[PDB]
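> begin with these chain(s), straight out of the complex:
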Amino acid sequence: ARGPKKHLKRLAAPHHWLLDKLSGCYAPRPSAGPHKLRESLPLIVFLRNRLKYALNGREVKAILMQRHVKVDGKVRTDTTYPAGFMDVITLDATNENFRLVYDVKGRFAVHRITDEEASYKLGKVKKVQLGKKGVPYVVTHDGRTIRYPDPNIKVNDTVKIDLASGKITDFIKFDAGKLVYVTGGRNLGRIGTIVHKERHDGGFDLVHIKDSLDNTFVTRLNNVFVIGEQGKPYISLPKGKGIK
Amino acid sequence: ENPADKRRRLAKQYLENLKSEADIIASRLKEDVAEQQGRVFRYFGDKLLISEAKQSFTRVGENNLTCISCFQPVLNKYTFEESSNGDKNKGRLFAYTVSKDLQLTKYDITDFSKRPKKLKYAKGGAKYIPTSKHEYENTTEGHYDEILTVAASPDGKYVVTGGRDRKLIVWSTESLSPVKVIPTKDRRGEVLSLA
Amino acid sequence: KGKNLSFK
Amino acid sequence: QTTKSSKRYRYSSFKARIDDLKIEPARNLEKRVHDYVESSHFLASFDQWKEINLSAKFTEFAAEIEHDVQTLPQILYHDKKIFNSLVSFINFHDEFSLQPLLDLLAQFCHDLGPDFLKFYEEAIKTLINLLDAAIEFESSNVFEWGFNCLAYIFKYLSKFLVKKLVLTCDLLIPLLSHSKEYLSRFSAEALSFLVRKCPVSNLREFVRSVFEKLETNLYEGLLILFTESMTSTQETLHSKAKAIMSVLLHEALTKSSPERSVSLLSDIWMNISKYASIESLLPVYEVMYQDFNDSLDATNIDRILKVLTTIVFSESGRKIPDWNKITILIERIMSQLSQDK
Amino acid sequence: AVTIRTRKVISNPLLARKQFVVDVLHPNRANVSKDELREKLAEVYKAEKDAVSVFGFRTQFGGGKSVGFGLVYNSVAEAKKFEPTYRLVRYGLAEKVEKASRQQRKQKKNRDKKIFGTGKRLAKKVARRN
């Protein structure tokens, strides 16, 4: 094509969303935002097809304009707002907090969390670079530009961000033995400890990961997200703890 | 004077009775609602004295007694009104029996030391056979074939019976007068037990 | 849990 | 917004909602969860609020108090702990859980009215702090709940509070004299309900006290309180308006009362005269006219002029049925002062 | 008699209502009109009739039973606020909006497009001309 497409059809939509094929012809096209289109769950799907809360898109629109939905501590009124991995969705009226984490099946799961856990999130360090006026900053997996980072922070690290202030509370270095969550490929969803990182200069780096069941697998580095130390995840994990 | 005030009065009187009876108050209130929770809470088997039980057999005129149903009023904590149908029936215990002779009979069993005492009865017979021969027209007031079951409503207002006439006849407790007859509408819809 | 009813 | 756009939904400011808001539970004819009660008002509302409200703090509130509310004697026997739990959680001031808690507070009073009297002082103080807290976080719904809760308590304790109505307002003086207008306005409506149910004898004691207080924003508050008390429906006045009013003037014309009270009588007069039509006011002008004639004296001559100057100016002469009666009073007032008036 | 049973009751605070599935047992009868269902669901759930919505009712083959969906709003105003227009018109809570057919409206639109400005000045000019 010679320009951006504006419509998203269903059979071409991401499979993990689990839309009914016959109910209609088109699926919500996720608007531009922090996450990739294929790696995002639009708020309409989360509110209607997942929580079963709303019965139709118009209800979702009324709900959103009522300002009852907050994404990462900010009210969002776009029906196709692209919520994604490690995003905190808060519904104060229902007293509900959710973190978007893929299940072992590879689908985003409805994982309820506490307010204390909801107060923060994690961001994998995509880039570390000096800005104008010689101001260092980090770009995370969600597109957050955070200035004045800790120098020890490097790419592939994971920074704990406070939603209210958007500041790094702590960080995790990428190293062997660290607890890790897989975010892509056939092997999406499970959790394991880093064993060894294969480095191929001019090529995609590969990481070996061992699960609690001692089973070992290999993945590309891009699909890796450090989430804590073994036995000490910094977030509450979904049921199954990323096994199988 | 308002109904809520009446409940406040009854609740206040109820508490005074509990205070007169007496920890113990708290436990009893829990026992009052133990029925709602589906678990056994009446452990009194070891307390029972079967050996010293006063056994008694009361003969009656009916041939082949088929079933007996007993009614016990219970104080409702939730409105403080006894399940007795009327003021005269306050704390009166009634037992209803059916036999193959097409009689429904009620007895008073309030006095446990004394034997059941007959109050009223009703007989059925060939007078009550249906002429139509149709199941939906089988709405005669009385029984004409063997009566097998009897059950008393928990409210103490009605008692229901059924049998080889393929009928569910509900009777007024006080007078044993027929108020409704509900056919089963089946050739082999034979009532065998009522609960 | 729901509620139950009947008329006529 | 005289002309309304095509939209079904339109923005409304917090002030705009507040301006439209009115505290009067009785006009609301919607079916009320406590109208059908099989055991108690609290439990009847309590189960309904359990399924509707999913807020956190209410969820712990239900668990703490679920066991002790199953029956009325349990409520009466455990009334102390129920009230303490209710007050503690209302103190947290969470909009998401106030509505059930505030509603249950009113229904709690409904179950044990005379017994709630020992709780009455604490309950009012709890509401006042909530309401003073509610101004910080703008939410018209929160104000509606507490004021509706306040009106409900007055309705259920109407008999007892009326005997000591002066005590009831003494609790609400900070609300009635509060700087912000609507809190005084709304609090005035709740008290006006109690005033409309007060006997004339107890009313005279009450009117004397408030006039004594009058001797910041109290003057406006009592004006709103009294005018609300007389007014019932458009172009009409309440039956007790004749009795409520007749008490007011006698103390006003009484020398012991301050002059500021007579100004309030004038201020009360325009609002009812402007609000009400001719026919509804005919009982009023009679007990105007008879009372002023009866109590005319040289010592109170300055006060009689002022109110009569008020009547003639009120809506010009349209609201006055017969001018001749006023002329006769002049000839009397002339016969029996201040030149300016 | 006729029985009605509510199942799958879900509380919905932020739209301020209750969802459930309605099962209507009507032996020896065709079915129950939606209005009767609304009024008695109002009686049982104890809300005003206007706050009650019922729809999607289908009778089972052979008769005697039907299944549909039921909504009970916390208030009449909330129902008026969130609840679809066409269904309020079903309940009479809203008045049907009279509009012309789509082709008529589109012809109006195109012909309006070909005029520029209010056209009152064109009207007075042609009036003076003729």
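Thanks, I have the structure now. Numbers count the residues shown, from 1 in each chain, chains lettered A, B, ... in the order given.
> so who does residue A:49 touch?
A:17-19 (Cβ atoms under 8 Å, 6 or more residues apart in numbering or on different chains). Quick note: C-beta positions are derived from backbone N, CA and C, even for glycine.
> swap in residue B:56?
With Cβ under 8 Å, 6+ apart, residue B:56 has these contacts: residue B:115.
> still on that earlier bit, redo the contacts of residue A:49 as CSV? Include secondary structure.
Below are these laid out as CSV (DSSP: H, G, I helix; E, B strand; the rest coil):
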residue, secondary structure
A:17, helix
A:18, coil
A:19, coil
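> ok, which residues in chain C are in contact with chain E?
Residues of chain C found near chain E (Cβ under 8 Å from any Cβ of the partner chain) are C:1-8.
> pick the one among the residues you listed closest to chain D.
Here the nearest of the residues of chain C next to chain E to chain D, counting by Cβ to the nearest Cβ, is residue C:1; it sits at 9.8 Å.
> okay, buried residues for the one helix or strand residue B:160 maps to please.
Using DSSP states H and E, residue B:160 sits in strand B:158-163. Residues B:159-163 are the ones in strand B:158-163 that count as buried (16 or more other Cβ atoms under 10 Å in any protein chain shown).
> hang on, the earlier thing: out of the residues of chain C next to chain E, which two sit at the greatest distance?
Spatial extent of the residues of chain C next to chain E (Cβ to Cβ) is set by the pair C:1 and C:8 at 25.1 Å.
> add RNA strand F to the structure above, sequence below:
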RNA sequence: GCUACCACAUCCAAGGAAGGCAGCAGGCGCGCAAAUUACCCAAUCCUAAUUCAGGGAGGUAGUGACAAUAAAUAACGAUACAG
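Adding RNA strand F to what we have so far:
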């Protein structure tokens, strides 16, 4: 959308003026033959100064032995007469 050009063609009081879809339906292509120029944006989505406006995107309905699935058009007795 504009300029000049090459053709087609529409009007004029003859001085000029202006004109370009098999997308949706409905047609021609034989002298021999086939679904309606239907209803709606209620749904799912998309665009906007945006809940509310719109969308021949789409949906709804209309026709028919191209195909495919299931089944009516009767069921039960009595009597009389003949070999």
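> RNA strand F added, so what about the contacts of residue A:49 now?
Contacts of residue A:49 by Cβ under 8 Å, 6+ apart are A:17-19.
> how about a cut-off of 10 Å?
When the contact criterion is Cβ atoms under 10 Å, 6 or more residues apart in numbering or on different chains, the partners of residue A:49 are A:17-20, A:28, A:41-42.
> please verify my assumption that residue A:8 contacts residue A:44.
No. If you go by Cβ atoms under 10 Å, residue A:8 and residue A:44 don't touch, sitting 11.7 Å apart.
> neighbour count winner among those two?
residue A:44 (24 against 16; other Cβ atoms under 10 Å in any protein chain shown).
> list the contacts of that one.
A:27-28, A:30, A:50, A:54, A:56-57, A:59-61, A:63-64, A:78-81.
> now those residues: which count as buried?
A:27-28, A:30, A:50, A:54, A:59-60, A:63-64, A:78-81.
> the strand holding residue B:160 near chain C at all?
No. For strand B:158-163, no contact with chain C is found by Cβ under 10 Å from any Cβ of the partner chain; the gap never falls below 16.5 Å.
> any common contacting residues for residue A:8 and residue A:44?
In contact with both residue A:8 and residue A:44: A:27-28, A:30, A:80, using Cβ under 10 Å, 6+ apart.
> who are the contact partners of residue A:220?
Applying Cβ under 10 Å, 6+ apart, the residues contacting residue A:220 are A:182, A:184-185, A:187, A:198, A:204-207.
> again, 7 Å this time
A:204, A:206 (Cβ atoms under 7 Å, 6 or more residues apart in numbering or on different chains).
> here is RNA strand G, add it in:
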RNA sequence: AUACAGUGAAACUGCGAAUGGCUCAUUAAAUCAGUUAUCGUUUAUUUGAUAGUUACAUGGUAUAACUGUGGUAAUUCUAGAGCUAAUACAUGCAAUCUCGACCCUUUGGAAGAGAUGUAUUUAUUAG
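Take a look at RNA strand G, now in place beside the chains above:
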């Protein structure tokens, strides 16, 4: 509502109309399927960061809609006059941080010295 405050035809601004739909004539690594790079690039919008360097508010350098006079057989054809606005068009405005004597008070005040936009092009230095 004595600036207006309501909605609101028209008009000026802002956004969009490169999406969607339809047919298969063409072309044998031509697109294409997988695969790789952009340290070789542009990117509305979204999201997150990000700019202390007459003013109690300038002009028509301005007109639409609108009023009024006309011409033409006549068009989303027209000329003469008269208005009037902006997120349209042009113009444009007594602070901070360091080294810090006095080591005066020992958190601290503090003499004095200093230092202080962004955008484009070229050159240079550090990296």
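> ok RNA strand G is loaded, check the contacts of residue A:220 again?
A:204, A:206.
> contacting residues around residue B:77?
B:32, D:71.
> how about 10 Å then?
Per Cβ under 10 Å, 6+ apart, neighbours of residue B:77: B:10-11, B:14, B:29, B:32-33, D:39, D:70-74.
> picking up where we left off before, chain center to the strand holding residue B:160, what's the gap?
10 Å (Cα atoms, centre = their mean, to the nearest Å).
> partners of it in the sheet?
strand B:147-152 (antiparallel), strand B:167-172 (antiparallel) (DSSP bridges).
> which part of the stretch 101-250 of chain D gets nearest to RNA strand F, residue-wise?
Here the residue of the stretch 101-250 of chain D nearest RNA strand F is residue D:141; by Cβ to the nearest atom of the strand that distance is 16.1 Å.
> ok, now how distant is the spatially closest residue to residue E:76 that is not a sequence neighbour from residue D:20?
In space, and not counting its chain neighbours, residue E:76 is closest to residue E:50: 4.5 Å by Cβ to Cβ, 6 or more residues apart in numbering or on different chains. For residue E:50, the distance to residue D:20 (Cβ to Cβ, to the nearest Å) stands at 21 Å.
> what of residue D:125?
For residue D:125 relative to residue D:20 (Cβ to Cβ), the value is 29 Å.
> which of these two has more residues huddled nearby?
Shown here are residue D:125 and residue D:20; by other Cβ under 10 Å, residue D:125 has more neighbours (12 against 9).
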